[PDB]
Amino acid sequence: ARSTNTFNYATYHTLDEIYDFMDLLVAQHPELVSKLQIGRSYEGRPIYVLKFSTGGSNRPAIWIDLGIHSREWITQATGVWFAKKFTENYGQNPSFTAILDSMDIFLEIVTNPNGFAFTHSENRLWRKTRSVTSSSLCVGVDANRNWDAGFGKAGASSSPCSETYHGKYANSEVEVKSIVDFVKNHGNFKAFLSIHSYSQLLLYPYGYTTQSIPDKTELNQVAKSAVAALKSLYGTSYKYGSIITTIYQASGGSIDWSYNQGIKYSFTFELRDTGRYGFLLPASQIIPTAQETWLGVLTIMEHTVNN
């Protein structure tokens, strides 16, 4: 609250507290991290991305976003702990230091800020964005069904009131289009990780079709390796496989889009638990969850460095 060493990582925070932590972290480490505004949400909130960078021109980069689905509160909490963790380990861990010496990391902690506010002010289990339009008194688009990969196909709903509603057309949600523009204008991302909760799964492309990706052998192996690093800490068991195969058919998801843009290392994590608490994970599981998913995410970045 006036030092990120004083910040309580073991509790759930509001949007203001998280954007203030971003300002404290940048002020504490101005040579390693900066805060970029890549857009504004439907209702007018700034959308912030943190860039962690050791220098260079157009370094190969890693995208990580959290909270695209606002009720999944373990993910924005894990992202605050990640941001802090990168300024603690850089210069101490050989592995992490070697990734950041050749690559940059972009971290988006709250991808859907209006939805996250709503989960605090009115409905804890709100999933969608907050746009209103037109044709329905039902608010919101599922922002993980709004991307241009299999858009509009089976695996998303067309009624506005559905939790899985895809939107009128791809990238209709400014929260999605802001990332699409930013990743394209950068033009040198090598990995794209989108973190959700729960089911304890590590998923790779496709959700919208049963056809295997051309890179399915290599990504299945990276997923085998990341899932074993994660399990090493506390015994937490993950499954892994393509989206459509390992949880269900879904069209318009972000990782299918990034993979189709040529970002080969595209993965989504489904964090703790497997059903007991669901979206309502105890605050006493935040840091255990954050610490073992760190191990799985480090294993993916190391493989992106080496290839």
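One rule holds for the numbers: they count along the sequence shown, beginning at 1.
Q: Comparing average C-alpha B factors as deposited, tell me which of 7 to 15 and 284 to 292 sits higher.
A: Of 284 to 292 and 7 to 15, the stretch with the higher C-alpha B-factor average is 7 to 15.
Q: Between 25 to 33 and 40 to 48, name whichever shows the higher mean Cα B factor according to the PDB entry.
A: Comparing averages over the C-alpha atoms only gives 25 to 33.
Q: Which has the highest CA B-factor per the PDB entry: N260, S254, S57, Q249?
A: It is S57.
Q: By the entry's C-alpha temperature factors, tell me which of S178, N146, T75, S136 sits highest.
A: Going by the entry's C-alpha B-factors, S136 comes out highest.
Q: Among the chain's modelled residues, which third holds the C-alpha B-factor of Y90?
A: Its C-alpha B-factor, which the entry lists for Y90, ranks in the highest third among residues of this chain.
Q: Could you look up the Cα B-factor of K168 in the entry and say which third of the chain it sits in: lowest, middle or highest?
A: It belongs to the highest third of the chain when residues are ordered by C-alpha B-factor.
Q: Ranked by Cα temperature factor within the chain, is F189 in the lowest third, the middle third or the highest third?
A: CA B-factor rank for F189: middle third.
Q: Ranked by Cα temperature factor within the chain, is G140 in the lowest third, the middle third or the highest third?
A: Within its chain, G140 is a middle-third residue by C-alpha B-factor, going by the deposited values.
Q: Sorting the chain's CA B-factors, does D101 end up in the lowest, middle or highest third?
A: Highest third, going by the recorded CA B-factors of the chain.
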